[PDB]
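# A look at the structure
Listed here are the chains, written in short residue letters.
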Amino acid sequence: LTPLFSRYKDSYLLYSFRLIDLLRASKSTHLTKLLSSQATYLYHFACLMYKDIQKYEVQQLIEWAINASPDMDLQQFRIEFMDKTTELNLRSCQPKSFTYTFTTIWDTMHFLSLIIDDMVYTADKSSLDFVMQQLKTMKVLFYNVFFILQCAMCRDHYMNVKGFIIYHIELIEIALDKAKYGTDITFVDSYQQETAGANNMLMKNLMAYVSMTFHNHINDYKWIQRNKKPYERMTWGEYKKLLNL
Amino acid sequence: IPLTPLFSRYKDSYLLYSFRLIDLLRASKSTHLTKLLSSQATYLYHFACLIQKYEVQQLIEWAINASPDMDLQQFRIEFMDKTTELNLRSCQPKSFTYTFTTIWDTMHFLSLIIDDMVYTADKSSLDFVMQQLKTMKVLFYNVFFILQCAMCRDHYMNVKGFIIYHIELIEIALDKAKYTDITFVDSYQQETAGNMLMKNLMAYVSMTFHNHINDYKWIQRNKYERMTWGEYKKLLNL
Ligand SMILES: Cc1cc2nc3c(=O)[nH]c(=O)nc-3n(C[C@H](O)[C@H](O)[C@H](O)COP(=O)(O)OP(=O)(O)OC[C@H]3O[C@@H](n4cnc5c(N)ncnc54)[C@H](O)[C@@H]3O)c2cc1C
Ligand SMILES: Cc1cc2nc3c(=O)[nH]c(=O)nc-3n(C[C@H](O)[C@H](O)[C@H](O)COP(=O)(O)OP(=O)(O)OC[C@H]3O[C@@H](n4cnc5c(N)ncnc54)[C@H](O)[C@@H]3O)c2cc1C
């Protein structure tokens, strides 16, 4: 619960806002289904109220977005979204900042990674099957990342490499599946220890590291894309500090 | 690539895979699928070692035109005649029993090709190897199963980026080489610890990925003996 985490939380809601705004513009039923599922899942991981009411009020919010006027502009949708979230008792959904950038997306992806590892490290005896289900939702969330802003290069790249994140989500799933059948999980401090285990080791804070290293990989790779020589990259030690992990 | 028993299986599995791909061309139900198949098949034969480029275009053009009403066994006879007539007998597979092992072999085959290319690159062929690695990314992105396993396809669609990510790591290394040389390290732990690149990186990545798939299928089914890098390096004389 640090200053960078506070940015993350607000970017998470900005991303969710801009996602449901697209529902009214959707040009196919498949995309409508895709958008509204994703938006429901995102709010499900967001903490807005206290779960039974939350999930039902989100359904109301999603249903109102599906129906809103396709001929509104973005700023009009924002007006009526702010009213709708107020009357639904969902002012927690309201983003403080509405300036949408690549940092909005990245923040959302890092937030999601922070959620995975807190659920996993506080997984106890009885909640094992429940986390197993949340991990499935997380895989669908990362498979269907919308950029919303225009960047065809970026969307082509992510479709190519997003399987690196999902892979590690499945590593967790195997670790939880082993824990259910006896072999408890030993949390280790580094990617290299889990790597060596190749017997149930899982890195503490695994997805923060995975999303952090992936984020560096994208930035490294864009010098190839535009043909330039590269420059301060984010480090793991530094990253843990900013987030007090 | 060191010639061993298992590597000889890989090479024949690779050709069998490539045969079964071009059999799909006459059946294609969309221009997009046709272009995608012929491209992959051209790419696959480009990495095969069989003038060769031109005759492979002829082989590909003949399979695009082949009768759609043929069955597989007839296509197989005509293909054997065509590859003979074009002086491409090195394209014909010795065995035609298509299983999951044929696909895996082909994927570890391509992983062996990447590593060799990379380790034996000179400063003059740097741009060339970069060009091949981009062709390799397309190959792994577009892996067809051919056999029926809808669950397999969905799963690979979800996690294939794990392999392509590691191809991109190589391009980042060759790009730094173009401006800091790459130091080859022997272990994934050494490369991941930090311009270091693991020697035989893709054979380890593909081996690790292979184990992960088999691990994961017990989840998929609600239900001993896996492959190790030491044992794998030995089988292949790495
Ligand atoms: C999924 C995705 C795919 C993308 N693909 C491409 C592409 O193919 N080609 C292209 O040109 N651009 C791509 N981008 C955008 C690109 O990665 C940057 O966001 C953009 O180039 C802006 O550069 P920047 O340094 O100003 O912002 P960024 O560095 O990317 O983000 C700014 C913020 O992110 C934080 N940050 C920086 N590095 C890290 C890190 N490793 N881990 C965690 N936080 C970090 C910092 O606090 C900084 O405040 C992609 C973005 C996303 C979210
Ligand atoms: C891309 C791909 C995705 C797949 N996804 C799924 C899925 O989601 N669900 C499912 O049930 N099945 C899936 N399969 C099939 C599965 O992986 C096995 O091939 C199949 O279940 C048969 O198991 P097997 O033990 O007989 O063969 P395998 O264990 O797959 O391997 C047979 C041969 O491969 C060699 N080998 C074995 N392990 C390794 C290793 N780690 N590294 C290198 N070589 C090895 C050995 O020489 C062995 O002879 C997939 C296969 C492929 C190629």
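Residues numbered from 1 in each chain as written, not as in the entry; some residues may be left out. Chains lettered and ligands numbered in written order. Heavy atoms only, no water. Residues with missing side-chain atoms left out of burial classes, pairs and counts.

As recorded in the entry header, the structure was determined using X-ray crystallography to a resolution of 2.2500 Å.

This part covers the overall build of chain B. Helix and strand counts for chain B stand at eleven helices and two strands. Ordered by position in the sequence, the α and β elements of chain B form the string α-α-α-α-α-α-α-α-β-α-β-α-α. Since a compact globule built from 238 residues should have a radius of gyration of about 18 Å, the 19 Å found for chain B is in line with a globular shape. A principal-axis box enclosing the C-alpha atoms of chain B has dimensions of 55 × 50 × 35 Å. (Helix = DSSP H or I, 4+ residues; strand = E, 2+ residues; numbered from the N terminus. Rg over C-alpha atoms; globule rule 2.2 N^0.38 Å.)

Turning our eyes to something else, we now look at the overall build of chain A. If you tally the helices and strands in chain A, you get eleven helices and two strands. Scaling as 2.2 N^0.38, a compact globule of 245 residues should have a C-alpha radius of gyration of about 18 Å, and chain A matches this with 19 Å. For chain A, the spread of C-alpha atoms along the three principal axes comes to 55 × 50 × 35 Å.

Our next topic: the packing of helix α2 (residues 31-46) of chain B against helix α6 (residues 126-141) of chain B. Residues and elements named next belong to chain B. Following both chains from N to C, one finds α2 and α6 inclined at 130°, their axes separated by 10 Å at the closest point. With respect to each other, α2 and α6 are oriented oblique. At the point where α2 passes α6, the crossing takes the left-handed sense. Touching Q40, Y43, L44 and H46 of α2 are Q132, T135, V138 and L139, all from α6. Here the contact of α2 with α6 is built from residues that sort into four nonpolar, four polar and no charged. (Axes fitted to C-alpha atoms, helices over the stretch in contact; angles between N-to-C directions. Parallel < 35°, antiparallel > 145°, perpendicular 65-115°, else oblique. Left-handed = near helix turned anticlockwise from the far one by under 90°. Contact = heavy atoms within 4.5 Å. Nonpolar A, V, L, I, M, F, W, Y, C, P; charged D, E, K, R; others polar.)

What follows covers the environment of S113 of chain A. Residue and element names in this part refer to chain A. Structurally, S113 is set in helix α5 (residues 102-121). Sequence-distant contacts of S113, defined by excluding residues within four places in its chain, comprise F142, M207, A208 and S211. At a separation of 3.2 Å, a polar atom in the side chain of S113 contacts the side chain of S211. (Polar contact = N/O pair within 3.5 Å; in protein donor to acceptor, adjacent residues only side chain to side chain.)

Let us look at the packing of aromatic side chains. Look at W106 of chain A and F214 of chain A: their rings are 6.3 Å apart centre to centre, the planes differ by 65°, and that puts the pair in the edge-to-face class. For the pair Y167 of chain A and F209 of chain B, a centre-to-centre distance of 6.3 Å together with 20° between the ring planes defines the contact as stacked. One end of the pair, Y167 of chain A, is in helix α8 (residues 163-180); the other, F209 of chain B, is in helix α10 (residues 201-221), on a second chain. Clustering of aromatic rings is evident, with ring pairs tying together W106, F147, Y158, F164, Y167 and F214 of chain A together with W104, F145, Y156, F162, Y165 and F209 of chain B. (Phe/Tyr/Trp six-rings, centres within 6.5 Å; stacked < 30°, edge-to-face > 60°.)

Counting residues at the interface gives 30 residues for chain A, matched by 30 residues for chain B. Elements that contribute at least two residues to the side of chain A that touches chain B include exactly α6 (128-143), α7 (152-161), α8, α9 (191-197) and α10 (206-226) of chain A. With nine residues, α8 of chain A is the largest single contributor of residues to the side of chain A that touches chain B. Residue composition of the side of chain A that touches chain B, grouped by class: 15 nonpolar, seven polar and eight charged.

Measuring nitrogen to oxygen at the nearest pair gives 2.7 Å for the salt bridge that ties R24 of chain A to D21 of chain A. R9 of chain B is the salt-bridge partner of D105 of chain B, the closest N and O atoms lying 2.9 Å from each other. The network of salt bridges with shared partners includes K136, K139, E170 and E173 of chain A. (Salt bridge = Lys/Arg side-chain N within 4 Å of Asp/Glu carboxyl O.)

A sulfur-sulfur distance of 2.0 Å marks the disulfide that ties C151 of chain A to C154 of chain A. Residues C151 of chain A and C154 of chain A share a disulfide whose torsion about the S-S bond is about 65°; that sign makes it right-handed. There is a disulfide in this structure between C149 of chain B and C152 of chain B, and the S-S distance comes to 2.0 Å. Here the S-S torsion is close to 65°, and the disulfide linking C149 of chain B with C152 of chain B is therefore right-handed. (Disulfide = S-S within 2.5 Å.)

Turning our attention to the packing of α5 of chain A against α6 of chain A. A pair of packed helices can be characterised by two numbers: the angle between their axes and the separation between those axes. All names here are of chain A. At a minimum axis separation of 11 Å, α5 and α6 run at an interaxial angle of 165°. With respect to their mutual orientation, α5 and α6 come out roughly antiparallel. At the point where α5 passes α6, the crossing takes the left-handed sense. Contacts between α5 and α6 involve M109, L112, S113, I115, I116, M119 and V120 on the former and, on the latter, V131, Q134, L135, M138, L141 and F142.

Turning next to the side chain of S28 of chain B. Residue and element names in this part refer to chain B. Relative to the helices and strands, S28 is located in the loop between α1 (5-23) and α2. A distance of 2.7 Å separates the side chain of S28 from the side chain of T34, its partner in a polar contact. Not counting residues within four places of it along the chain, the set of residues in contact with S28 comprises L33, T34 and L37.

Residue and element names in this part refer to chain A. By the secondary structure assignment, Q94 is in the loop between α4 (74-87) and α5. Only 3.1 Å separates the side chain of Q94 from the backbone oxygen of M82, close enough to count as a polar contact. Reaching out from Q94, the side chain makes a polar contact with the side chain of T85 at a distance of 3.0 Å. Sequence-distant contacts of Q94, defined by excluding residues within four places in its chain, comprise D10, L13, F81, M82, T85 and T86.

Turning to the environment of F140 of chain B, a few remarks are in order. Residues and elements named next belong to chain B. Within the element layout of this structure, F140 appears in helix α6. When the C-alpha atoms of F140 and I163 are compared, they prove to be 7.8 Å apart, with 23 residues separating the residues in sequence. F140 has contacts with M107, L110, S111, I114, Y156, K160, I163, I164 and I167, leaving out every residue within four places of it along the chain.

Backbone geometry places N205 of chain A, a non-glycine residue, at a positive phi of 70°. One can find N205 of chain A in the loop between β2 (201-203) and α10. Despite not being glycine, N237 of chain B shows a phi value in the positive range, around 60°.

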